[PDB]
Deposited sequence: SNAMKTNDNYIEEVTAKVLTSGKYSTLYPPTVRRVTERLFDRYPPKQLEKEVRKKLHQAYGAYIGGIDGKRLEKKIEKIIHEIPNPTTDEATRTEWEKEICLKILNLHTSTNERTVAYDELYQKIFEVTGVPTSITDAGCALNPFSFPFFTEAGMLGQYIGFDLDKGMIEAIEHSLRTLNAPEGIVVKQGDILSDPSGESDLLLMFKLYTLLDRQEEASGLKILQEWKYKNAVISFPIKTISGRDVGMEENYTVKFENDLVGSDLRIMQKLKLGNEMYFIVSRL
């Protein structure tokens, strides 16, 4: 009956309409972390308390059907008549660039996609695959990392299943390559996995906010040839990260500044 409270509390948080479409393992993790330091009773109050704070941010505002409506309108407005490879490739970028302009996460990076992956791959080399943690609308970035040379598999994941379903239905409308895969996941709660190139765009601070010292732990647990970690330029939090690396056994291979974001390319060698 020790692990029951954890499962009962999490099931009660999930069955309710508020924190419904939220990756269940994420709910279990918070619940399992708070159970070690707060009384079994009234845990449901404090788990919800931390969901309103750290997890309420990307869950609030994102409406699954609403997102798909805006994306599906953008695709039908601009027509897709027969043309040349080069021109259709520029059309594919035009639409994907508008889709990226929808949510805040990828709005500011649209100026950089034109050459973001080209610049990242100069350092890391062309990866055989990309894992994109907390992907948001970044899967619609395939036109750019594809011309940059990455024709392998892309596995993007985020917390909201409503968003991810909208992305999957949208990607099929664009006749996207079968290698552009989206699923739901949480790099914080899911088991540590392997990758070639791991992308953590605007996630390190959010991760430390959701759970202390988690971001650095994840970078040491996950196996990857290289990993890209993005931070905004609100002028603070970026210095805290490069300070965290001093103690770890990780290495900064390159530090790139594109648009209004600083990208750190980290490696185990």
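Unmodelled regions of the deposited chain, listed from N- to C-terminal end, are 1-5, 241-250.
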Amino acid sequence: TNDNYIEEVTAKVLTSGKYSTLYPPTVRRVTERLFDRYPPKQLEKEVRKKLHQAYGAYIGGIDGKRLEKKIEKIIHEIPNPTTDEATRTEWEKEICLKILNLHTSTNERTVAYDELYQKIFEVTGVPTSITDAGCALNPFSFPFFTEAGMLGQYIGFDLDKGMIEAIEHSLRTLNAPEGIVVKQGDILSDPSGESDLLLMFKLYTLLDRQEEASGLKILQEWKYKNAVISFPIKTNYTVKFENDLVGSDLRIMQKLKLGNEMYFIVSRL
From here on, numbers count along this sequence of modelled residues.
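Note on 72-80 vs 117-125: mean CA B-factor is higher in 72-80. Set 258-266 against 2-10 and average the Cα temperature factors; 2-10 ends up higher. Across the options 225, 202, 240, 28, the residue with the most elevated CA B-factor in the record is 240.
Highest C-alpha temperature factor among 86, 182, 159, 151, as the PDB entry reports it: 86. The deposited CA B-factor of residue 111 belongs to the highest third of values across its chain. When all modelled residues of the chain are sorted by CA temperature factor, residue 229 is found within the lowest third. Ranked by C-alpha B-factor against the other modelled residues of its chain, residue 195 falls in the lowest third. Residue-level temperature factors show residue 138 in the lowest third of its chain, judged at the C-alpha atom. In the deposited entry, the Cα temperature factor of residue 104 sits in the top third of values across the chain's modelled residues.
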